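Notes follow once the structure below has been shown.
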Amino acid sequence: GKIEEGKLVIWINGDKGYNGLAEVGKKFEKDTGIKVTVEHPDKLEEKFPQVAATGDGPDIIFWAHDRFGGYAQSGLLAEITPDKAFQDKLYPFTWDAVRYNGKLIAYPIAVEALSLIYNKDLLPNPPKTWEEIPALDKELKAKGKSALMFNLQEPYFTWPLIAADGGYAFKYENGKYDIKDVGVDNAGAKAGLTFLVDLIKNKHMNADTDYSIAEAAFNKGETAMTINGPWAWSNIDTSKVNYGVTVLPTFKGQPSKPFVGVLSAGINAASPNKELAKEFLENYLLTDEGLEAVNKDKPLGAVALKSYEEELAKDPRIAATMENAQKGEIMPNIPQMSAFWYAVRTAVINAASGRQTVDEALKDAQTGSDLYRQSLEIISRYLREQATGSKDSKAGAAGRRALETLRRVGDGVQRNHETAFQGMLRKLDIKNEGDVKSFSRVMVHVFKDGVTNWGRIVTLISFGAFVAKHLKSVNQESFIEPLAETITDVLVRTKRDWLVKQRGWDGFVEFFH
Ligand SMILES: Cc1cc(OCCCc2c3n(c4c(-c5c(C)nn(C)c5C)c(Cl)ccc24)CCCN(c2cc(C(=O)O)cc4c2ccn4C)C3=O)cc(C)c1Cl
Ligand SMILES: Cc1cc(OCCCc2c3n(c4c(-c5c(C)nn(C)c5C)c(Cl)ccc24)CCCN(c2cc(C(=O)O)cc4c2ccn4C)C3=O)cc(C)c1Cl
Ligand SMILES: Cc1cc(OCCCc2c3n(c4c(-c5c(C)nn(C)c5C)c(Cl)ccc24)CCCN(c2cc(C(=O)O)cc4c2ccn4C)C3=O)cc(C)c1Cl
Ligand SMILES: OC[C@H]1O[C@H](O[C@H]2[C@H](O)[C@@H](O)[C@@H](O)O[C@@H]2CO)[C@H](O)[C@@H](O)[C@@H]1O
């Protein structure tokens with residue numbers, strides 16, 4: 001393999017207590033003799049699924065729970081095997097955050113939520129609303145300082161305000177989340193994002209302020225407030241700023257609803273040291289001495305282990321985190337969160353800068369959030385419709401116009417290049433699905449380069465329909481839907497940003513109308 005046997009390599013983000021975790025590994029090396037190396041790579045959430053799909057990466061990966069469900073869908077995680085004797089040591093909600101398809105995929109560590117952090121010496125009475133912030137900024141700017149400065153490069157810090165008046169990611173009726181209704185461009189988010197953009201335009205905040213310059217500004221006493229979670233308390237302690245942690249401001253009478261994260265530890269499915277990773281996580285990290293080693297470095301918040309939470313509950317700063325946690329909503333861990341996160345990440349940055357209006361950014365975020373879902377429905381319906389000859393009798397008329405347009409456009413194009421399609425077809429293996437799934441390699445390489453227009457996308461889907469028909473004739477019916485999956489993977493992973501600029505499939509409908 002590509003992972004060394006006899007040691008543990010752990011990936012944890014840089015804002016967390018990576019040193020405090022490293023001394024847990026020194027303790028792990030001292031009783032055990034096995035070395036434990038902890039690293040904090042940048043863009044960890046994106047680099048793990050890339051290197052783990054090729055069978056490499058760390059033994060243990062640390063991040064909030066929202067990313068693990070996608071990693072599990074991609075088969076990058078091994079099921080953790082804790083007995084109930086151990087499960088009774090952590091709170092049930094932490095276990096609930098690491099469940100996907102009924103199988104546990106990671107050990108929960110600690111519950112995070114954003115809070116308002118304010119300098120008691122620059123204002124001893126924190127404002128209870130967001131609407132009070134512009135006026136307070138004018139008074140302190142006369143004193144040479146600012147009211148609020150928080151990171152606007154990651155949408156995690158703005159979602160509390162966006163979700164205040166009715167914004168949400170994916171709706172949770174009836175048993176669980178539904179994928180079709182995304183709430184990024186509702187009247188609530190348009191109002192929440194507008195107040196932030198209005199704060200930027202009236203020069204009360206800077207649109208490209210990030211994490212480091214906002215933390216430095218607060219630690220120096222250059223701002224009266226900012227928004228971050230428990231991991232920032234450590235360096236505010238060192239700056240000796242008399243700070244407080246209180247509940248986030250309300251927006252339009254409603255509380256700010258922060259995304260609740262549960263940082264968790266998953267075990268790589270390609271790792272040869274899965275049992276030692278379990279022993280390290282069960283009998284060393286998730287113990288009171290082990291968690292205190294990490295919490296002393298950078299605070300975790302509400303620890304998952306019940307014995308250590310009973311000791312740390314008395315902290316007024318952790319109590320404030322639960323106030324914001326209860327008034328927030330838990331982040332889903334469905335595999336569609338990555339595409340949702342990138343959609344809102346671009347939308348906040350473009351609206352903050354003025355490159356897009358708030359309405360243009362949020363609608364494009366809606367297209368990007370449902371991008372993969374709606375694309376697969378149209379391509380899967382079309383390939384089935386060309387294979388059977390009938391029609392499916394299953395916020396849907398837009399797909400009906402796209403499928404009817406794809407019927408009219410795909411039929412003519414498919415018979416235009418019909419000779420070339422069969423010459424390309426003439427070969428064909430099609431022995432198993434692994435070979436049909438192996439068409440992902442060829443298609444992504446040919447499609448990353450070259451012209452991007454609707455004509456190419458139609459030609460891509462039309463040959464897929466051409467293969468689907470032949471799949472039905474060679475009695476390979478079950479291979480049609482996996483073929484559609486492959487086409488949808490290739491299409492969106494290469495042309496996502498183009499398809500968003502073209503109104504999603506609405507631009508496909510108008511292009512041919
Ligand atoms: C208030 C509290 C929080 C806490 O915290 C321990 C850390 C984990 C935690 C729990 N709770 C949380 C809530 C939270 C709250 C609050 N309301 N709502 C709607 C949510 C989502 C939020 Cl917002 C954030 C974190 C938690 C839910 C209730 C208590 N509990 C739970 C605790 C137990 C138990 O007694 O062992 C059994 C539980 C749950 C949840 C389901 N079951 C079966 C949890 O597992 C720990 C304690 C002791 C107490 Cl008294
Ligand atoms: C529509 C269709 C597509 C298609 O193709 C199957 C999909 C991918 C495919 C492969 N090869 C291709 C070459 C190719 C060849 C030959 N030489 N060179 C220089 C290239 C670029 C061309 Cl020109 C076009 C497509 C492919 C590369 C070598 C073999 N192989 C590979 C094969 C193996 C393996 O079996 O061991 C491992 C491989 C690769 C590529 C990377 N790895 C690890 C492929 O994955 C095949 C047919 C019959 C049809 Cl009908
Ligand atoms: C393995 C697999 C692959 C796949 O891939 C679908 C990708 C679409 C594709 C293209 N081409 C194809 C040819 C083809 C060949 C070879 N010769 N000739 C004459 C044709 C028509 C065949 Cl036989 C089948 C599919 C294609 C080459 C020319 C058109 N073109 C195009 C390429 C360019 C460009 O390079 O810039 C611009 C183009 C077009 C078409 C319009 N414009 C503007 C393409 O991108 C789909 C599936 C389901 C599977 Cl399973
Ligand atoms: O901003 C999008 C980003 O939000 C969350 O990332 C948080 C992380 O969970 C926190 O523990 C801390 O590291 O701050 C991050 C934001 O900078 C999600 O976990 C992540 O998936 C998403 O991309």
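Residue names in the structure tokens use chain letters A, B, ... in the order shown, residue numbers from 1 in each chain, and ligand numbers from 1 in the order shown.
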So which residues of segment 134-313 of chain A fall under alpha helix (DSSP H) by DSSP, listed as an MDAnalysis selection string?
-> chainID A and resid 134:142 159:162 187:201 211:219 233:238 274:280 288:297 306:312
File dump, residues just selected, C-alpha atoms, as a JSON list (two decimals), in the first residue's frame:
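New file result38.json:
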```json
[["chain", "number", "residue", "atom", "x", "y", "z"],
["A", 134, "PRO", "CA", -24.20, 50.43, 12.31],
["A", 135, "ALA", "CA", -24.90, 53.14, 14.90],
["A", 136, "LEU", "CA", -22.38, 51.66, 17.34],
["A", 137, "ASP", "CA", -19.78, 51.58, 14.55],
["A", 138, "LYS", "CA", -20.14, 55.34, 14.05],
["A", 139, "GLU", "CA", -19.40, 56.10, 17.71],
["A", 140, "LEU", "CA", -16.27, 53.93, 17.87],
["A", 141, "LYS", "CA", -14.97, 55.20, 14.52],
["A", 142, "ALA", "CA", -14.88, 58.60, 16.22],
["A", 159, "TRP", "CA", -24.87, 31.76, 7.91],
["A", 160, "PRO", "CA", -26.11, 32.71, 11.44],
["A", 161, "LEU", "CA", -27.35, 36.01, 9.97],
["A", 162, "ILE", "CA", -28.55, 34.47, 6.68],
["A", 187, "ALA", "CA", -36.85, 36.13, 1.27],
["A", 188, "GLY", "CA", -35.06, 35.50, 4.56],
["A", 189, "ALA", "CA", -31.58, 34.94, 3.12],
["A", 190, "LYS", "CA", -32.00, 37.85, 0.72],
["A", 191, "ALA", "CA", -32.74, 40.00, 3.78],
["A", 192, "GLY", "CA", -29.94, 38.56, 5.91],
["A", 193, "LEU", "CA", -27.31, 38.82, 3.19],
["A", 194, "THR", "CA", -28.52, 42.33, 2.32],
["A", 195, "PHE", "CA", -27.85, 43.62, 5.83],
["A", 196, "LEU", "CA", -24.28, 42.33, 5.63],
["A", 197, "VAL", "CA", -23.76, 43.83, 2.16],
["A", 198, "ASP", "CA", -25.24, 47.10, 3.44],
["A", 199, "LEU", "CA", -22.78, 47.02, 6.35],
["A", 200, "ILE", "CA", -19.96, 46.63, 3.81],
["A", 201, "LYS", "CA", -21.13, 49.40, 1.47],
["A", 211, "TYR", "CA", -9.88, 35.01, 9.61],
["A", 212, "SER", "CA", -6.33, 36.10, 10.42],
["A", 213, "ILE", "CA", -6.77, 39.86, 10.04],
["A", 214, "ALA", "CA", -10.05, 39.75, 11.98],
["A", 215, "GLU", "CA", -8.56, 37.78, 14.86],
["A", 216, "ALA", "CA", -5.48, 40.01, 14.93],
["A", 217, "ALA", "CA", -7.74, 43.07, 14.92],
["A", 218, "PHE", "CA", -9.75, 41.81, 17.90],
["A", 219, "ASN", "CA", -6.72, 40.54, 19.83],
["A", 233, "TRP", "CA", -10.46, 31.66, 23.07],
["A", 234, "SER", "CA", -6.86, 30.49, 23.55],
["A", 235, "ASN", "CA", -5.18, 33.34, 21.69],
["A", 236, "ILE", "CA", -7.54, 35.95, 23.15],
["A", 237, "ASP", "CA", -6.36, 34.75, 26.56],
["A", 238, "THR", "CA", -2.77, 35.44, 25.51],
["A", 274, "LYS", "CA", -7.29, 0.58, 11.70],
["A", 275, "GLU", "CA", -7.08, -1.23, 15.04],
["A", 276, "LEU", "CA", -4.39, 1.05, 16.47],
["A", 277, "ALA", "CA", -6.41, 4.04, 15.27],
["A", 278, "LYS", "CA", -9.33, 2.65, 17.28],
["A", 279, "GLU", "CA", -7.13, 2.11, 20.34],
["A", 280, "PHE", "CA", -5.77, 5.65, 20.04],
["A", 288, "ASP", "CA", -10.44, 13.02, 30.28],
["A", 289, "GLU", "CA", -6.66, 13.50, 30.36],
["A", 290, "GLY", "CA", -6.46, 13.23, 26.57],
["A", 291, "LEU", "CA", -9.24, 15.72, 25.89],
["A", 292, "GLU", "CA", -7.84, 18.13, 28.48],
["A", 293, "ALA", "CA", -4.49, 17.96, 26.67],
["A", 294, "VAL", "CA", -6.24, 19.13, 23.49],
["A", 295, "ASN", "CA", -8.60, 21.60, 25.18],
["A", 296, "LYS", "CA", -5.73, 23.34, 26.98],
["A", 297, "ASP", "CA", -4.16, 24.04, 23.58],
["A", 306, "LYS", "CA", -19.86, 13.05, 29.25],
["A", 307, "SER", "CA", -17.40, 12.90, 32.16],
["A", 308, "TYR", "CA", -15.34, 15.82, 30.85],
["A", 309, "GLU", "CA", -18.43, 17.85, 29.89],
["A", 310, "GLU", "CA", -19.68, 17.53, 33.47],
["A", 311, "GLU", "CA", -16.46, 19.21, 34.59],
["A", 312, "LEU", "CA", -16.34, 21.93, 31.91]]
```
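Taking the backbone of this structure through DSSP, the residues of segment 184-418 of chain A that come out as strand (DSSP E) are residues 223, 224, 225, 226, 227, 228, 243, 244, 245, 246, 250, 251, 254, 255, 259, 260, 261, 262, 263, 264, 265, 266, 267, 302, 303, 329 and 330 of chain A.
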Could you please take those selected residues and save N, CA, C and O atoms as a compact mmCIF listing (two decimals), in the first residue's frame?
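Once written, again.txt looks like this:
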```txt
# COMPACT_ATOMS: atom_id res chain seq x y z
N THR A 223 -11.09 46.18 17.41
CA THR A 223 -12.52 46.07 17.14
C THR A 223 -13.24 45.70 18.43
O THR A 223 -12.67 45.09 19.33
N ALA A 224 -14.51 46.10 18.50
CA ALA A 224 -15.29 45.89 19.71
C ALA A 224 -15.94 44.52 19.74
O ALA A 224 -16.21 43.99 20.83
N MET A 225 -16.20 43.93 18.58
CA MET A 225 -16.86 42.63 18.51
C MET A 225 -16.29 41.84 17.34
O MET A 225 -15.72 42.40 16.40
N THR A 226 -16.46 40.52 17.42
CA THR A 226 -16.29 39.64 16.27
C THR A 226 -16.91 38.29 16.60
O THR A 226 -17.23 38.00 17.75
N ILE A 227 -17.04 37.46 15.57
CA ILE A 227 -17.81 36.22 15.65
C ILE A 227 -16.89 35.05 15.34
O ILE A 227 -16.35 34.96 14.23
N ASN A 228 -16.72 34.16 16.31
CA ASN A 228 -15.96 32.93 16.13
C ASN A 228 -16.34 31.96 17.24
O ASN A 228 -17.11 32.29 18.15
N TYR A 243 -12.33 40.08 27.52
CA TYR A 243 -13.35 39.74 26.55
C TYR A 243 -14.46 38.91 27.19
O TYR A 243 -14.28 38.27 28.22
N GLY A 244 -15.62 38.94 26.54
CA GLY A 244 -16.74 38.14 26.95
C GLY A 244 -17.32 37.38 25.78
O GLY A 244 -17.20 37.78 24.63
N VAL A 245 -17.96 36.25 26.10
CA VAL A 245 -18.64 35.41 25.12
C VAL A 245 -20.12 35.43 25.46
O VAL A 245 -20.52 34.98 26.55
N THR A 246 -20.94 35.94 24.55
CA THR A 246 -22.37 36.11 24.79
C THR A 246 -23.14 35.61 23.57
O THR A 246 -22.55 35.16 22.58
N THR A 250 -29.61 39.44 17.50
CA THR A 250 -30.83 39.06 16.81
C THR A 250 -30.99 39.89 15.54
O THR A 250 -30.53 41.03 15.46
N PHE A 251 -31.66 39.31 14.55
CA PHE A 251 -31.91 39.97 13.27
C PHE A 251 -33.40 39.95 13.00
O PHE A 251 -34.01 38.87 12.93
N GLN A 254 -35.51 38.06 15.32
CA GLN A 254 -35.25 36.63 15.43
C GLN A 254 -33.79 36.37 15.76
O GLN A 254 -32.90 37.10 15.32
N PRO A 255 -33.51 35.33 16.55
CA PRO A 255 -32.12 35.02 16.90
C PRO A 255 -31.33 34.56 15.68
O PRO A 255 -31.88 34.02 14.72
N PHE A 259 -24.78 27.45 12.29
CA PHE A 259 -24.60 26.05 11.94
C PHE A 259 -23.85 25.34 13.07
O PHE A 259 -22.74 25.75 13.44
N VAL A 260 -24.45 24.30 13.63
CA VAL A 260 -23.85 23.54 14.71
C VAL A 260 -22.98 22.45 14.10
O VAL A 260 -23.45 21.64 13.30
N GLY A 261 -21.70 22.43 14.47
CA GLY A 261 -20.77 21.42 14.01
C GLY A 261 -20.36 20.50 15.14
O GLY A 261 -20.29 20.91 16.30
N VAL A 262 -20.11 19.24 14.80
CA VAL A 262 -19.56 18.25 15.73
C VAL A 262 -18.27 17.74 15.10
O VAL A 262 -18.30 16.88 14.21
N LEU A 263 -17.14 18.29 15.54
CA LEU A 263 -15.85 17.82 15.03
C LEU A 263 -15.66 16.36 15.39
O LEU A 263 -15.85 15.95 16.54
N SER A 264 -15.27 15.56 14.40
CA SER A 264 -15.23 14.12 14.53
C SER A 264 -13.93 13.58 13.96
O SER A 264 -13.20 14.28 13.25
N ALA A 265 -13.64 12.32 14.27
CA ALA A 265 -12.41 11.65 13.85
C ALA A 265 -12.76 10.38 13.10
O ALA A 265 -13.20 9.40 13.70
N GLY A 266 -12.57 10.40 11.78
CA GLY A 266 -12.84 9.25 10.94
C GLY A 266 -11.57 8.50 10.61
O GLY A 266 -10.48 9.06 10.60
N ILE A 267 -11.72 7.20 10.33
CA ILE A 267 -10.61 6.31 10.04
C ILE A 267 -10.62 5.99 8.55
O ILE A 267 -11.64 5.55 8.02
N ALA A 302 -18.14 22.05 23.87
CA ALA A 302 -18.83 21.01 24.63
C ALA A 302 -18.28 19.66 24.20
O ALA A 302 -18.63 19.15 23.13
N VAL A 303 -17.41 19.08 25.03
CA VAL A 303 -16.77 17.82 24.67
C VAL A 303 -17.83 16.73 24.52
O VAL A 303 -18.91 16.79 25.12
N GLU A 329 -29.07 25.36 14.24
CA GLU A 329 -29.49 24.08 13.69
C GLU A 329 -28.26 23.24 13.36
O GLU A 329 -27.24 23.76 12.90
N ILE A 330 -28.37 21.93 13.61
CA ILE A 330 -27.27 21.02 13.34
C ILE A 330 -27.02 20.95 11.83
O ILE A 330 -27.96 20.96 11.03
```
Would you kindly return, as a VMD selection string, each protein, DNA or RNA residue with an atom no farther than 9 Å from any atom of segment 68-80 of chain A, considering only C-alpha atoms and excluding same-chain residues fewer than 3 positions away?
-> chain A and resid 48 to 49 52 to 53 55 63 to 65 98 to 101 103 to 107 264 266 to 271 274 278 332 to 338
Please give me, as a short mmCIF file (atom, residue, chain, number, x, y, z; two decimals) with N, CA, C and O atoms, in the first residue's frame, the residues lying within 6 Å of ligand 2 when counting only C-alpha atoms and all ligand atoms.
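Result written to out_18.cif:
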```
data_model
loop_
_atom_site.label_atom_id
_atom_site.label_comp_id
_atom_site.auth_asym_id
_atom_site.auth_seq_id
_atom_site.Cartn_x
_atom_site.Cartn_y
_atom_site.Cartn_z
N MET A 424 -17.40 4.70 -33.29
CA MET A 424 -16.93 4.72 -31.92
C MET A 424 -17.49 3.55 -31.13
O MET A 424 -16.79 2.96 -30.29
N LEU A 425 -18.75 3.19 -31.38
CA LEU A 425 -19.35 2.07 -30.67
C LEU A 425 -18.72 0.74 -31.07
O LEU A 425 -18.60 -0.16 -30.23
N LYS A 427 -16.26 -0.86 -31.27
CA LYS A 427 -15.37 -1.49 -30.35
C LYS A 427 -16.21 -1.89 -29.19
O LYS A 427 -16.90 -2.87 -29.28
N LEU A 428 -16.15 -1.17 -28.11
CA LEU A 428 -16.99 -1.54 -27.01
C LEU A 428 -16.60 -2.81 -26.35
O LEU A 428 -16.40 -3.78 -26.99
N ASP A 429 -16.53 -2.78 -25.04
CA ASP A 429 -16.25 -3.95 -24.27
C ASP A 429 -17.58 -4.25 -23.65
O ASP A 429 -18.31 -5.11 -24.09
N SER A 438 -15.33 2.70 -15.78
CA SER A 438 -14.02 3.15 -16.21
C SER A 438 -14.08 4.21 -17.30
O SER A 438 -13.04 4.80 -17.61
N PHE A 439 -15.25 4.46 -17.88
CA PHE A 439 -15.39 5.56 -18.83
C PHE A 439 -15.27 6.93 -18.17
O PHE A 439 -15.18 7.93 -18.89
N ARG A 441 -12.66 7.94 -16.49
CA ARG A 441 -11.30 8.36 -16.77
C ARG A 441 -11.19 9.04 -18.13
O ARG A 441 -10.64 10.15 -18.25
N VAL A 442 -11.72 8.40 -19.18
CA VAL A 442 -11.57 8.96 -20.52
C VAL A 442 -12.38 10.24 -20.67
O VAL A 442 -11.91 11.21 -21.28
#
```
Given a cut-off of 6 Å, what residues near ligand 4 show up using only C-alpha atoms and all ligand atoms, put as a PDB file with N, CA and C atoms, in the first residue's frame?
```pdb
ATOM      1  N   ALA A  64     -15.388  18.822  10.979  1.00  0.00           N
ATOM      2  CA  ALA A  64     -16.788  18.792  11.369  1.00  0.00           C
ATOM      3  C   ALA A  64     -17.520  17.683  10.616  1.00  0.00           C
ATOM      4  N   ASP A  66     -20.126  17.456   8.872  1.00  0.00           N
ATOM      5  CA  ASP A  66     -20.869  17.678   7.635  1.00  0.00           C
ATOM      6  C   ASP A  66     -20.172  17.068   6.426  1.00  0.00           C
ATOM      7  N   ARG A  67     -18.849  16.926   6.477  1.00  0.00           N
ATOM      8  CA  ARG A  67     -18.103  16.409   5.339  1.00  0.00           C
ATOM      9  C   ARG A  67     -18.016  14.890   5.312  1.00  0.00           C
ATOM     10  N   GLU A 154     -15.250  32.643   4.479  1.00  0.00           N
ATOM     11  CA  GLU A 154     -15.907  31.360   4.619  1.00  0.00           C
ATOM     12  C   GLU A 154     -17.340  31.576   5.086  1.00  0.00           C
ATOM     13  N   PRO A 155     -18.335  31.030   4.381  1.00  0.00           N
ATOM     14  CA  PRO A 155     -19.739  31.324   4.707  1.00  0.00           C
ATOM     15  C   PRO A 155     -20.195  30.789   6.054  1.00  0.00           C
ATOM     16  N   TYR A 156     -19.353  30.023   6.750  1.00  0.00           N
ATOM     17  CA  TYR A 156     -19.717  29.509   8.065  1.00  0.00           C
ATOM     18  C   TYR A 156     -20.009  30.635   9.050  1.00  0.00           C
ATOM     19  N   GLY A 261     -21.701  22.429  14.474  1.00  0.00           N
ATOM     20  CA  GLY A 261     -20.770  21.420  14.010  1.00  0.00           C
ATOM     21  C   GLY A 261     -20.361  20.499  15.143  1.00  0.00           C
ATOM     22  N   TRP A 341     -21.954  24.050   0.034  1.00  0.00           N
ATOM     23  CA  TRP A 341     -21.009  24.953   0.681  1.00  0.00           C
ATOM     24  C   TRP A 341     -20.304  25.837  -0.337  1.00  0.00           C
TER      25      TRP A 341
END
```
Which residues come within 10 Å of residue 318 of chain A, counting only C-alpha atoms, excluding same-chain residues fewer than 2 positions away, as number ranges by chain?
-> A: 112-113, 115, 229-230, 245-246, 299-303, 309, 312-316, 320-324
Restricted to N, CA, C and O atoms, what would the selected residues look like written as an mmCIF file, in the first residue's frame?
```
data_model
loop_
_atom_site.group_PDB
_atom_site.id
_atom_site.type_symbol
_atom_site.label_atom_id
_atom_site.label_comp_id
_atom_site.auth_asym_id
_atom_site.auth_seq_id
_atom_site.Cartn_x
_atom_site.Cartn_y
_atom_site.Cartn_z
ATOM 1 N N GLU A 112 -19.306 22.216 18.368
ATOM 2 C CA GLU A 112 -18.923 23.600 18.124
ATOM 3 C C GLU A 112 -20.133 24.430 17.713
ATOM 4 O O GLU A 112 -21.056 23.934 17.062
ATOM 5 N N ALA A 113 -20.108 25.706 18.093
ATOM 6 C CA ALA A 113 -21.070 26.684 17.601
ATOM 7 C C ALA A 113 -20.467 28.073 17.751
ATOM 8 O O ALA A 113 -19.669 28.321 18.658
ATOM 9 N N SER A 115 -20.229 32.109 18.479
ATOM 10 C CA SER A 115 -20.722 33.019 19.498
ATOM 11 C C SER A 115 -20.172 34.409 19.225
ATOM 12 O O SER A 115 -19.247 34.592 18.427
ATOM 13 N N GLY A 229 -15.802 30.745 17.155
ATOM 14 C CA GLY A 229 -16.133 29.692 18.085
ATOM 15 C C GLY A 229 -15.087 29.476 19.162
ATOM 16 O O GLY A 229 -14.196 30.304 19.376
ATOM 17 N N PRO A 230 -15.175 28.337 19.855
ATOM 18 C CA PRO A 230 -14.299 28.110 21.018
ATOM 19 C C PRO A 230 -12.816 28.099 20.691
ATOM 20 O O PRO A 230 -12.010 28.503 21.539
ATOM 21 N N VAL A 245 -17.958 36.254 26.101
ATOM 22 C CA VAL A 245 -18.638 35.414 25.123
ATOM 23 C C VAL A 245 -20.121 35.426 25.464
ATOM 24 O O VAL A 245 -20.516 34.976 26.548
ATOM 25 N N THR A 246 -20.939 35.942 24.548
ATOM 26 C CA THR A 246 -22.365 36.108 24.788
ATOM 27 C C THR A 246 -23.136 35.609 23.572
ATOM 28 O O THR A 246 -22.554 35.155 22.583
ATOM 29 N N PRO A 299 -9.424 25.549 22.829
ATOM 30 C CA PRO A 299 -10.668 25.008 23.393
ATOM 31 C C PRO A 299 -11.508 24.310 22.335
ATOM 32 O O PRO A 299 -11.544 24.716 21.172
ATOM 33 N N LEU A 300 -12.179 23.239 22.752
ATOM 34 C CA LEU A 300 -13.042 22.477 21.862
ATOM 35 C C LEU A 300 -14.505 22.875 21.970
ATOM 36 O O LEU A 300 -15.230 22.809 20.973
ATOM 37 N N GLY A 301 -14.945 23.304 23.151
ATOM 38 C CA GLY A 301 -16.340 23.609 23.384
ATOM 39 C C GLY A 301 -16.983 22.571 24.279
ATOM 40 O O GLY A 301 -16.433 22.228 25.330
ATOM 41 N N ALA A 302 -18.139 22.052 23.872
ATOM 42 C CA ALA A 302 -18.834 21.011 24.628
ATOM 43 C C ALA A 302 -18.276 19.662 24.196
ATOM 44 O O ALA A 302 -18.626 19.146 23.132
ATOM 45 N N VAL A 303 -17.406 19.083 25.028
ATOM 46 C CA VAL A 303 -16.775 17.820 24.672
ATOM 47 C C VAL A 303 -17.831 16.730 24.521
ATOM 48 O O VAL A 303 -18.912 16.786 25.122
ATOM 49 N N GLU A 309 -17.453 16.770 30.022
ATOM 50 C CA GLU A 309 -18.427 17.848 29.887
ATOM 51 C C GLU A 309 -19.034 18.213 31.233
ATOM 52 O O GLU A 309 -19.363 19.382 31.468
ATOM 53 N N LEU A 312 -16.500 20.678 32.640
ATOM 54 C CA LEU A 312 -16.343 21.930 31.914
ATOM 55 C C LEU A 312 -17.646 22.696 31.737
ATOM 56 O O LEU A 312 -17.626 23.791 31.166
ATOM 57 N N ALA A 313 -18.774 22.152 32.197
ATOM 58 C CA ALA A 313 -20.046 22.836 31.991
ATOM 59 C C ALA A 313 -20.091 24.175 32.714
ATOM 60 O O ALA A 313 -20.761 25.104 32.250
ATOM 61 N N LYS A 314 -19.369 24.305 33.829
ATOM 62 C CA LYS A 314 -19.437 25.516 34.639
ATOM 63 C C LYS A 314 -18.827 26.730 33.948
ATOM 64 O O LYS A 314 -19.035 27.856 34.410
ATOM 65 N N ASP A 315 -18.089 26.527 32.863
ATOM 66 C CA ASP A 315 -17.460 27.624 32.126
ATOM 67 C C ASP A 315 -18.521 28.519 31.498
ATOM 68 O O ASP A 315 -19.327 28.033 30.693
ATOM 69 N N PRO A 316 -18.569 29.814 31.829
ATOM 70 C CA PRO A 316 -19.569 30.694 31.199
ATOM 71 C C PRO A 316 -19.436 30.794 29.689
ATOM 72 O O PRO A 316 -20.435 31.075 29.014
ATOM 73 N N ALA A 320 -22.468 29.936 26.848
ATOM 74 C CA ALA A 320 -22.868 30.802 25.743
ATOM 75 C C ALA A 320 -22.881 30.039 24.426
ATOM 76 O O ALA A 320 -23.741 30.277 23.569
ATOM 77 N N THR A 321 -21.937 29.114 24.247
ATOM 78 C CA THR A 321 -21.916 28.313 23.027
ATOM 79 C C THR A 321 -23.167 27.449 22.918
ATOM 80 O O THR A 321 -23.693 27.247 21.816
ATOM 81 N N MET A 322 -23.668 26.941 24.048
ATOM 82 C CA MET A 322 -24.884 26.136 23.993
ATOM 83 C C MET A 322 -26.111 27.009 23.740
ATOM 84 O O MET A 322 -27.055 26.577 23.069
ATOM 85 N N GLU A 323 -26.121 28.242 24.258
ATOM 86 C CA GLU A 323 -27.198 29.172 23.921
ATOM 87 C C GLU A 323 -27.280 29.376 22.414
ATOM 88 O O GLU A 323 -28.360 29.289 21.819
ATOM 89 N N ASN A 324 -26.136 29.639 21.777
ATOM 90 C CA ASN A 324 -26.118 29.758 20.325
ATOM 91 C C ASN A 324 -26.370 28.420 19.645
ATOM 92 O O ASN A 324 -26.956 28.382 18.558
#
```
Tell me, counting only C-alpha atoms and all ligand atoms, for each residue of chain A within 7 Å of ligand 3, which pair of atoms is nearest and how far apart they are in Å to one decimal, in rows ordered by chain and increasing number, as CSV.
```
residue,atom,partner,partner_atom_place_in_ligand_line,distance
A:417,CA,ligand 3,21 (C),5.5
A:420,CA,ligand 3,23 (Cl),4.6
A:421,CA,ligand 3,23 (Cl),3.8
A:422,CA,ligand 3,23 (Cl),6.9
A:423,CA,ligand 3,23 (Cl),6.6
A:424,CA,ligand 3,23 (Cl),4.6
A:436,CA,ligand 3,50 (Cl),6.6
A:439,CA,ligand 3,1 (C),4.8
A:442,CA,ligand 3,1 (C),6.2
A:443,CA,ligand 3,3 (C),5.2
A:447,CA,ligand 3,45 (O),6.7
A:450,CA,ligand 3,36 (O),4.2
A:451,CA,ligand 3,36 (O),4.2
A:453,CA,ligand 3,43 (C),6.6
A:455,CA,ligand 3,41 (C),4.9
A:456,CA,ligand 3,40 (C),4.3
A:459,CA,ligand 3,8 (C),5.0
A:460,CA,ligand 3,6 (C),3.8
A:461,CA,ligand 3,48 (C),6.7
A:463,CA,ligand 3,48 (C),5.5
A:464,CA,ligand 3,48 (C),3.7
A:467,CA,ligand 3,48 (C),6.6
A:483,CA,ligand 3,48 (C),6.7
A:487,CA,ligand 3,48 (C),6.0
```
All residues 8 Å or closer to residue 184 of chain A, only C-alpha atoms, same chain fewer than 3 positions away omitted, as number ranges by chain = A: 167-169, 189, 344, 362-363, 365-366
Nearest to ligand 1: which of A:343, A:349, A:305, A:163 is it, counting only C-alpha atoms and all ligand atoms?
->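 Looking at the shortest contact to ligand 1, the residue is A:305.
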